[PDB]
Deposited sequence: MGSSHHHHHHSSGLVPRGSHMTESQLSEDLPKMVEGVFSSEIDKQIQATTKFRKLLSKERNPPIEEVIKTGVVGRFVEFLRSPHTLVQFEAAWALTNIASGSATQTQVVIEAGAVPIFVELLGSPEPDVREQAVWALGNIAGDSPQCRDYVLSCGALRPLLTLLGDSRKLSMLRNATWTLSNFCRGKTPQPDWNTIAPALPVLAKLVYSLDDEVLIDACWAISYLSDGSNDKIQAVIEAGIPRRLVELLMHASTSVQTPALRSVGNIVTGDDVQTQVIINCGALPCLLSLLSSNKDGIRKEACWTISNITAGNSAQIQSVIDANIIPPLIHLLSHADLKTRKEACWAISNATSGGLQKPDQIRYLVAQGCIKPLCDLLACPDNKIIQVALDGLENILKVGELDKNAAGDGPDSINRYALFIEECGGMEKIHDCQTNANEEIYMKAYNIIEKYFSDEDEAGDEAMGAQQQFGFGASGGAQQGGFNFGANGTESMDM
């Protein structure tokens, strides 16, 4: 009975407080549709926050659990807990002598920070990160390690805005240790946290590298669980969006044979992100393109160019086109791409409704044509231009002149002028 429970919570006797708070905790823990709104309307949330400072650890714990579950709700329900002043006290409780209280405070802060980037930043501003990281280095209890890694991943999550970098960067040496966890849940959440932190400017990627994280990430690419593979792969993909030296760390850690394997993943999303990752490697220097070629990645990429879903094809298109960038330095790369059958699938992509894909396919084809012309002058026709012509490719380049954009139908015109006139 709710009114009697409220009466108990507003009592000054610890036993009545605990009995009533426990009843609220149980209400808020029910299987479906906890009556969070109803509980808030009774006005007990402020009392729960008071109980967090009680010398009786049991009422601390029960109140923390009730508050955790109120914060598991909507943005406005979470705001009720914030407004009541729970967060600075939860941060203090991360240093409680009682492990169950510490653990519940971790969970509450996870829920609150999980609500939004703004809530995340408020939690960080109250100094939650350092005591959380300390727990992650000290605890031997699996449930705590799991909960604290999850909460840490929420401290790292979000892009509107990203958290302050110097504020969150202390997480990296701790995450570097967590990716060696023997527990899959810790592994998954640590990898997700890294996937958030590694998405951004290259100084952030450098920080990830200097923490020593890439080597284990590359090893986790072949983890049995797709739930580990996915954020590990997103992280590796983020790192190769860096400069050539940063990208080379990933190659040197042995990622290319892993990436070859991941192209045959049973998960569409993994195949797609593997293609994306490879594309940012073939966006690299001549030696890095050569590494991808030497890793036997080009034939499966060309396969995926034609088969697989549109999102995967788009990524494969970038990968193959990027690899045509070295026609001046090492034209043998393009001649190999052509020998492996890249021309027809690139031409078929000229009818893609996405203008970005059209431009990228045209870029690759022009790069191909330049080498074909080069081969002609040393010999007498452009063999590649002939290839494009009889596969129906020339017509598709011709229809690109009515594209209405800019660098596309200009590109298409110049190609027809220089190669098909």
{"query": "Unmodelled ranges, which are counted on the deposited sequence from position 1 and given in order", "finding": "1 to 28, 408 to 412, 455 to 495"}
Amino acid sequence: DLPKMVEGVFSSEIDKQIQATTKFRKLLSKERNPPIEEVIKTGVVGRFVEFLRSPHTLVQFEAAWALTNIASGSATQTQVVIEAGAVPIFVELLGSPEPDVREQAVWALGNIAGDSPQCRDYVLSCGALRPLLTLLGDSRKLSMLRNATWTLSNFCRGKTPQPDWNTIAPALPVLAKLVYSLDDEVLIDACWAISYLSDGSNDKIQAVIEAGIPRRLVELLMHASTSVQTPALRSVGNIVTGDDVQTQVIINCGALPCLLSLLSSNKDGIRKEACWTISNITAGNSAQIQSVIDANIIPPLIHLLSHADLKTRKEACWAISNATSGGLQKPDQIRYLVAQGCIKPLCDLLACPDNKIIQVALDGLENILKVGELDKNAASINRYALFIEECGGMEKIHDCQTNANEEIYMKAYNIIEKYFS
From here on, numbers count along this sequence of modelled residues.
{"property": "Of 137 to 145 and 101 to 109, the stretch whose C-alpha atoms average the higher B-factor in the entry", "result": "137 to 145"}
{"property": "Mean C-alpha B-factor comparison - 339 to 347 and 71 to 79, higher one", "result": "339 to 347"}
{"property": "Out of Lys26, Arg32, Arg53, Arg47, highest CA B-factor residue", "result": "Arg32"}
{"property": "Most elevated Cα B-factor in the entry, residues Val39, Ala64, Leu58, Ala385", "result": "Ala385"}
{"property": "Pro300 by Cα B-factor - lowest, middle or highest third of the modelled chain", "result": "middle"}
{"property": "For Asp309, the third of its chain into which the C-alpha B factor falls", "result": "highest"}
{"property": "Third assignment of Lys267 from its chain's C-alpha B-factors", "result": "middle"}
{"property": "Position of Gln401 among the chain's modelled residues by C-alpha B-factor, lowest, middle or highest third", "result": "highest"}
{"property": "Chain third (lowest, middle, highest) by recorded CA B-factor, residue given as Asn322", "result": "middle"}
